[PDB]
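Novice:
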Amino acid sequence: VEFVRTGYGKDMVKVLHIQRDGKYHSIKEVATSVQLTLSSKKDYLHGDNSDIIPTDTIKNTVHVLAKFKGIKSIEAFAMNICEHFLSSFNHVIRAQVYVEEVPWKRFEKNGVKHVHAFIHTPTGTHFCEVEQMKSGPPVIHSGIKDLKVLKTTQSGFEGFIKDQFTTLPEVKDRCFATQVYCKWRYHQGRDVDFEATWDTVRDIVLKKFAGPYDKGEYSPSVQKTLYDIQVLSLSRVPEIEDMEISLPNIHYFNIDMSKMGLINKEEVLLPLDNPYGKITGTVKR
Amino acid sequence: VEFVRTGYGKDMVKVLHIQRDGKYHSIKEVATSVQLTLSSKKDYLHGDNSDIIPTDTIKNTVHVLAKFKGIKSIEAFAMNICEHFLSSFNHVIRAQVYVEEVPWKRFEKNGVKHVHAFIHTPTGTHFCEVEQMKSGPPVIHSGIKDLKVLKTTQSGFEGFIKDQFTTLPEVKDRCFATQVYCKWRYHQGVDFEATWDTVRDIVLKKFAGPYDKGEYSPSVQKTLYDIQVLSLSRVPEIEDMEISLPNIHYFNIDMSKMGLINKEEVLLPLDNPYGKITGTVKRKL
Amino acid sequence: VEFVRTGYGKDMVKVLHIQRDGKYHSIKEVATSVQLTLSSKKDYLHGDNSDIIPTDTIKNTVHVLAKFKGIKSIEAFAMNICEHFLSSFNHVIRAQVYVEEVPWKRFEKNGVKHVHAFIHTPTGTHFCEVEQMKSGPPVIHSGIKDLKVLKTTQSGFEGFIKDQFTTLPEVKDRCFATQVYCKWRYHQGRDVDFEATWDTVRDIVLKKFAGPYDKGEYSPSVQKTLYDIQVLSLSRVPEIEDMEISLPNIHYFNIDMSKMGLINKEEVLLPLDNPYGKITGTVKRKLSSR
Amino acid sequence: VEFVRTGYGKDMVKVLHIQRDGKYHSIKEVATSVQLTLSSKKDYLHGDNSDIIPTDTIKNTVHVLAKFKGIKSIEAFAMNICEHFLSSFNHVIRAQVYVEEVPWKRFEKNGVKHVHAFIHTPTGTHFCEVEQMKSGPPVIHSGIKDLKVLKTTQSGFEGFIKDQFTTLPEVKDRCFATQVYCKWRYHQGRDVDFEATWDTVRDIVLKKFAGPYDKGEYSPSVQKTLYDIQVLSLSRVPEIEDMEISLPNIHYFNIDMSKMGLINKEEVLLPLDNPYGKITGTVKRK
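Residue numbers (our numbering), protein chains in the order written: chain A, 108 to 392; chain B, 30 to 314; chain C, 58 to 347; chain D, 12 to 297.
1. Anything in chain D within Cβ reach of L327/C, meaning under 9 Å, just list it in chain order.
2. Scan the stretch 272-348 of chain A and note each continuous beta strand (DSSP E) run of 3 residues or more that stays entirely inside, going in chain order.
3. By a C-beta neighbour count over all protein chains shown, 10 Å radius and 16 as the cutoff for buried, is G147/D buried or exposed?
4. Per DSSP, what kind of secondary structure is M268/D in: helix, strand or coil?
5. Can you find a C-beta in chain A that's less than 8 Å from the C-beta of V108/D?
6. For the stretch 24-52 of chain D, which segments carrying the beta strand (DSSP E) assignment without a break, of at least 3 residues, lie completely within its bounds, in sequence order?
7. Given a threshold of 16 other Cβ atoms within 10 Å of its Cβ, counted over all protein chains shown, does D280/A qualify as buried or as exposed?
8. Do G177/A and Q142/A have their beta-carbon atoms positioned less than 8 Å apart in this structure?
9. Quick check: what's the CA-CA separation for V294/C versus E301/C?
10. Which residues in chain B sit within 8 Å of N285/D, going by Cβ to Cβ distance?
11. Would you say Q193/B faces chain D, with C-beta separation under 8 Å as the test?
12. Would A303/A be called buried (16 or more neighbouring beta carbons within 10 Å of its own) or exposed?
13. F225/A and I134/A - do their beta-carbons sit closer together than 8 Å?
14. Taking 8 Å as the threshold, find out whether the stretch 270-282 of chain D comes into contact with the stretch 239-246 of chain D through three or more Cβ pairs.
15. Where does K83/D sit, in a helix, a strand or coil, going by DSSP?
16. Which of the three DSSP states, helix, strand or coil, is assigned to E109/A?
17. Any idea what DSSP makes of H155/B, helix, strand or coil?
18. How long is the line joining the alpha carbons of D298/A and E182/A, rounded to whole angstroms?
19. If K297/D sits next to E109/A, beta carbons under 8 Å apart, how far is it from one beta carbon to the other, in whole angstroms?
20. Ordered along the chain, which non-local residues of its own chain (more than five positions away) have a Cβ less than 7 Å from that of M41/B?
21. Quick one: list the residues of chain B neighbouring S345/C, beta-carbon separation under 8 Å, in chain order.
22. Could you tell me the distance, in whole angstroms, from the CA atom of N356/A to the CA atom of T84/B?
23. Can we say the stretch 176-189 of chain B touches the stretch 243-250 of chain B, given the rule of at least three CB pairs closer than 8 Å?
24. Using a beta-carbon distance below 8 Å, is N311/C in contact with chain D?
25. According to a CB-to-CB cut-off of less than 8 Å, which residues of the stretch 153-175 of chain D neighbour chain C?
26. Is the beta carbon of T259/A less than 8 Å from the beta carbon of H145/B?
27. From the DSSP output, which residues share a beta bridge with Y333/C?
28. Spell out a yes or no on whether the stretch 153-163 of chain C and the stretch 224-240 of chain C are touching, meaning 3 or more CB-CB pairs, one atom from each, closer than 8 Å.
29. What number of angstroms, rounded off, separates the C-alpha of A173/A from the C-alpha of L275/A?
30. Kindly confirm or deny that the stretch 51-59 of chain D and the stretch 25-34 of chain D touch, where touching means at least three C-beta pairs closer than 8 Å.
31. Run through the DSSP bridge pairs and tell me what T339/C is partnered with.
32. Are the CB atoms of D59/D and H102/D within a distance shorter than 8 Å?
33. So which residues on chain D does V312/A lean against when the C-beta distance must stay under 9 Å?
34. Please report how far the alpha carbon of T178/C lies from the alpha carbon of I347/A, in whole angstroms.
35. Tell me which residue opens and which closes the beta strand (DSSP E) that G250/A is part of.
36. Looking at the C-beta of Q236/C, does it have a partner C-beta in chain B at a distance below 8 Å?
Right under this line is the structure:
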């Protein structure tokens with residue numbers, strides 16, 4: 108028969124960490140998933156749980172570690188969780204932690220931030236994935252997800268192959284809408300702020316996508332826009348070792364009103380839930 | 030078998046309206062539902078479709094009206110849709126239109142707005158409902174939904190009835206998290222977009238209080254009534270207001286059995302169950 | 058200002074009730090929502106919680122009631138919950154409970170039901186709503202939801218109005234797909250087997266939709282199919298006083314392949330998530346049967 | 012900076028195929044995703060779309076192939092899609108197709124099936140994944156998802172490590188509820204009835220989970236139940252080369268009512284949406 112992979116853990120452990128400096132409260136809410144691989148496989152083979160750390164104990168441990176070490180950075184948290192299970196149990200040979208941060212934002216009005224009120228603001232969501240082998244260092248990925256953006260021009264698609272199944276007319280203008288998924292690996296020898304990096308890749312992604320605020324910038328391809336973001340990210344940020352990106356192309360099609368004796372192109376568009384294009388790529392150094 | 034109520038229509042008609050003033054593009058993406066009641070019931074009784082406006086035709090009409098009359102306000106849009114079907118068809122005795130606007134926001138960095146880039150920003154979602162009888166005026170409700178907010182203090186709950194099933198301790202400090210649903214009917218005398226922003230601001234005012242210190246809330250019922258009161262006064266054309274405040278729980282994780290003293294730095298976000306506090310007040314005053 | 062409506066409660070209280078008769082286990086998992094109206098309004102006006110039953114207590118109470126009276130009918134359950142809050146607290150003037158039952162089904166293979174294994178089977182979901190005023194009786198609604206069905210013919214749509222915005226071709230054959238929502242009120246005087254009723258309305262609904270096996274039955278309108286179900290239900294089931302129905306018309310459109318020099322009609326269809334038609338109606342008992 | 016992997020395609024291409032054999036109609040509704048990798052990267056590097064098959068064209072192709080070729084086997088459909096793009100375009104070096112079938116079931120009462128009525132019945136959902144390199148064979152996975160089951164006994168959990176963070180009491184009886192995800196690769200040189208193989212793996216899954224219908228075989232470990240399914244399946248089906256399983260452990264906790272003066276043990280339980288346990292494993296064959 109033979110084994111290829113094993114893993115058990117707890118998913119969707121949710122936590123809100125609160126810090127109080129007088130009237131000024133700070134929060135971090137996360138959802139966490141933890142998987143462990145054991146050296147023994149007798150749990151699978153015979154039903155012997157004597158090496159099993161109960162998933163309930165994994166959940167408690169995430170809660171405790173958040174209390175003892177706080178969160179501060181989601182990457183730090185996951186490293187601490189990994190570090191904890193590799194140190195405390197010698198038959199634990201691999202740990203993996205995924206963390207997603209709820210996009211809470213401090214209330215803001217007329218330039219002043221509220222001391223203890225927050226509004227849920229999913230304008231890009233920070234997540235991370237840390238994996239660590241027994242007696243090896245941790246590999247850290249950070250990422251953006253759930254960032255939804257739409258520009259009404261400076262996008263075109265032309266010069267493509269036209270086979271017997273191609274009805275797509277070429278265009279110099281179209282809507283470009285997407286939901287960014289962007290995941291990058293870090294090198295090593297750390298020295299990364301993590302939170303500052305994340306803000307930076309996000310700043311870039313939104314730059315390559317929308318360009319200068321007065322003129323904007325034409326993109327001839329979703330593929331190009333993707334690759335540009337990647338190159339500019341590995342440039343402005345040395346500690347990143349690779350980047351995976353996935354861009355849906357969410358369609359807003361011109362509604363043909365010919366059959367009604369009307370001319371639209373292109374003021375009324377149909378937003379389609381599906382299907383959608385999906386352009387992906389991963390580059391490294 | 031006496032008929033009580035009838036209605037047919039099209040749901041989830043999605044439209045993106047794009048207006049182009051030079052390089053400066055403006056959008057409104059909505060999802061629309063339209064219901065009509067007919068005077069004859071022969072379609073129900075016998076299968077006689079001779080009075081039916083096909084729902085497909087209703088969809089086409091939403092698309093067309095979006096082209097010709099634009100999308101100034103979703104309230105305007107829905108009135109247009111209502112008026113069209115009552116005026117154009119003598120056997121249509123009732124029209125009802127629901128519209129929800131996708132929370133797109135123009136890109137911004139340091140106060141400068143992008144000419145054609147938008148980011149999906151669900152920090153309160155504008156919807157509206159218009160109903161109109163044949164030869165009567167249209168009744169307009171407008172509303173807020175999907176506004177999710179959390180404050181980590183200035184909230185308490187005490188002085189309640191303690192029966193034999195009450196294990197809830199009284200508290201002077203707690204998290205308050207909610208998802209606002211707020212729906213108001215208008216009188217007859219209105220800037221819809223301005224009214225909406227205003228009620229929203231009152232809502233966020235009563236929930237979080239002054240940005241320096243906050244404001245104690247002793248009761249979600251109380252916070253609800255204040256918003257209703259501050260709103261009908263500050264906005265005369267509002268005739269009544271319905272509010273629904275979930276109380277989404279963040280419970281302190283008791284770590285006693287593990288030898289830790291938490292209270293109250295690490296909390297558990299619960300998806301369910303949750304409290305639901307609701308109320309409708311009408312004028313006057 | 059003046060008050061029009063108030064209500065507070067706990068939503069999404071979930072419970073699994075397990076009964077064990079030897080090796081033979083039977084379950085019911087529900088999700089419950091409870092709202093109460095108080096006589097006092099001092100909670101809203103001044104922040105005075107002295108008349109408030111904590112929502113946590115409402116939640117605890119639902120758990121306890123499921124333990125004490127069990128839950129053999131979700132309608133029964135909801136009635137018990139209502140009566141509990143009206144009896145135990147005199148300043149509670151209205152109670153409303155919504156209950157939805159998880160469509161668990163006993164494992165079945167080659168004709169035998171398993172003693173304690175269940176498979177989640179959303180082929181129609183039982184829900185109910187009970188409302189009760191202080192010193193009045195309870196009104197009981199039961200319902201079907203989340204029942205999704207598709208027939209590939211015996212449906213047509215023609216003879217409709219064609220204005221300047223009508224591009225819809227008339228048709229004698231089309232796919233009909235829907236997700237049934239069906240909610241009925243009961244009369245009174247009791248004598249109702251809530252669970253027995255529910256299976257039959259579902260039986261009816263599914264009958265009026267697909268007709269006789271082997272041949273099927275033509276539907277000329279979603280509106281017609283809707284009314285028939287209503288009439289046939291108020292007939293076969295005397296204790297029902299009204300019925301509300303909502304039938305989405307979920308579109309499967311022929312994919313036109315002309316532009317590629319191909320002829321489809323009608324073997325490849327496009328399932329649309331939206332938009333969709335929505336045909337609704339409520340009939341009440343006074344006249345008619347059959 | 013250099014490329015590691017690229018791919019582009021269309022997702023969520025939905026199709027309903029209707030075949031009419033007289034009065035007897037048969038359907039298969041699927042949702043399909045297709046990804047292609049190209050040899051040139053000038054689309055990425057420079058904005059040169061001259062090698063791109065438009066994703067709209069990919070969509071059209073799925074529709075057409077569904078029309079000329081059939082569906083029936085979801086695996087067949089995905090291989091066809093793969094075959095088409097590797098054949099028709101030599102600059103396409105990889106094709107990957109994911110297909111999920113909507114769980115429609117013919118109306119039924121005691122074995123009498125309706126000729127054209129179907130009810131949506133998610134009691135196990137068939138999916139498949141086919142991947143293929145240029146001038147290599149297709150690699151085929153099939154799988155089960157969204158199969159949600161609960162047994163109220165014949166499950167226990169004891170003999171585990173109890174550290175200082177362990178408050179979990181050992182138990183000999185408990186609810187076990189899960190949502191099965193099960194994905195297997197096929198060998199090759201396969202004379203495979205995909206639909207039958209799928210029904211076979213599914214009932215093996217349900218067998219090891221619930222045991223005999225009269226009694227109900229005890230499971231001392233979800234890890235154990237997982238391995239049994241993997242083992243019984245590679246045996247009953249030679250053409251399977253490996254199997255991946257993921258079993259959530261969805262919690263139903265006894266509601267402690269002591270603080271209210273009640274003894275509940277254990278007729279009323281709390282269904283928790285999260286967190287949940289997740290037990291996974293992949294075995295291959297020799």
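Backbone N, C-alpha and C define an ideal beta-carbon position, used for all residues, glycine too.
Specialist: In this structure, then:
1. Within the third sequence, residue 327/C is the residue found at index 270, counting from 1. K25, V26, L27, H74, listed in chain order.
2. 283-293
3. Taking the fourth sequence and counting its residues from 1, one reaches residue 147/D at position 136. With fewer than 16 other Cβ atoms within 10 Å, it is exposed.
4. Residue mapping note: residue 268/D aligns to position 257 of the fourth sequence, counting from 1. DSSP places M268/D in coil when its eight states are reduced to three.
5. Stepping through the fourth sequence from its first residue, residue 108/D is reached at position 97. Output row for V108/D: interface = no.
6. 35-49
7. Position 173 of the first sequence, counted from the first residue, corresponds to residue 280/A. Exposed, by the Cβ-count rule.
8. If you number the first sequence from 1, residue 142/A lands on position 35. If you number the first sequence from 1, residue 177/A lands on position 70. Against a cut-off of 8 Å, the Cβ pair of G177/A and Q142/A comes out as no contact.
9. As a working note, residue 294/C is residue 237 in the third sequence. As a working note, residue 301/C is residue 244 in the third sequence. Between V294/C and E301/C, the C-alpha separation is close to 15 Å.
10. Along the fourth sequence, one-based indexing puts residue 285/D at 274. Per Cβ cutoff of 8 Å: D300.
11. Position 164 of the second sequence, counted from the first residue, corresponds to residue 193/B. Taking Cβ atoms only, chain D reaches closer than 8 Å to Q193/B, which makes this a yes.
12. Sequence index remark: in the first sequence, residue 303/A carries index 196 (1-based). Label assigned to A303/A: exposed.
13. Start at 1 with the first residue of the first sequence, and residue 134/A comes out as number 27. Start at 1 with the first residue of the first sequence, and residue 225/A comes out as number 118. For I134/A and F225/A, yes; Cβs fall inside 8 Å.
14. no
15. Counting from 1 along the fourth sequence, the entry for residue 83/D is found at position 72. Coil, per DSSP.
16. On the first sequence, residue 109/A is found 2 positions in, with the first residue counted as 1. Looking at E109/A - three-state DSSP - the assignment turns out to be coil, as it is neither helix nor strand.
17. In the second sequence, counting from the first residue as 1, residue 155/B sits at position 126. The answer is strand: DSSP assigns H155/B an E or B state.
18. Counted from its first residue, the first sequence places residue 298/A at position 191. Counted from its first residue, the first sequence places residue 182/A at position 75. The alpha-carbon atoms of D298/A and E182/A are separated by roughly 13 Å.
19. Residue numbering aside, residue 297/D sits at position 286 when the fourth sequence is read from its first letter. Residue numbering aside, residue 109/A sits at position 2 when the first sequence is read from its first letter. 6 Å between Cβ atoms; contact.
20. Residue numbering aside, residue 41/B sits at position 12 when the second sequence is read from its first letter. Here the set comprises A60, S62.
21. In the third sequence, residue 345/C corresponds to position 288, counting from 1. Correct list: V30.
22. Taking the first sequence and counting its residues from 1, one reaches residue 356/A at position 249. Taking the second sequence and counting its residues from 1, one reaches residue 84/B at position 55. Distance between the alpha carbons of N356/A and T84/B: 29 Å.
23. yes
24. As a working note, residue 311/C is residue 254 in the third sequence. Chain D, which has no Cβ nearer than 8 Å to the Cβ of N311/C, makes this no.
25. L158, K159, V160, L161, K162, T163, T164, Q165
26. Walking along the first sequence from the start, residue 259/A turns up at place 152. Walking along the second sequence from the start, residue 145/B turns up at place 116. Yes, the Cβ-Cβ distance between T259/A and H145/B is below 8 Å.
27. As a position in the third sequence, residue 333/C is number 276, starting the count at 1. DSSP lists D40/B as partners of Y333/C.
28. no
29. Numbered from its first residue, the first sequence carries residue 173/A at position 66. Numbered from its first residue, the first sequence carries residue 275/A at position 168. Rounded to whole angstroms, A173/A to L275/A spans 53 Å at the Cα level.
30. no
31. Taking the third sequence and counting its residues from 1, the one referred to as residue 339/C is at position 282. The partner list for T339/C (beta bridge, DSSP) reads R34/B, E301/C.
32. For this step, residue 102/D is matched to residue 91 along the fourth sequence. For this step, residue 59/D is matched to residue 48 along the fourth sequence. No; because the gap between Cβ atoms is not below 8 Å, this pair is not in contact.
33. On the first sequence, position 205 is the one that residue 312/A refers to. By Cβ distance, chain D contributes nothing, its closest Cβ being about 16 Å from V312/A, past 9 Å.
34. In the third sequence, residue 178/C corresponds to position 121, counting from 1. In the first sequence, residue 347/A corresponds to position 240, counting from 1. If I take the Cα positions, the gap works out to 47 Å.
35. Translated into the one-based positions of the first sequence, residue 250/A becomes position 143. Counting along the chain, the beta strand (DSSP E) containing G250/A begins and ends at 245-258.
36. For the purposes of this step, residue 236/C is taken as residue 179 along the third sequence, with counting starting at 1. No - not a single Cβ of chain B is within 8 Å of the one on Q236/C.
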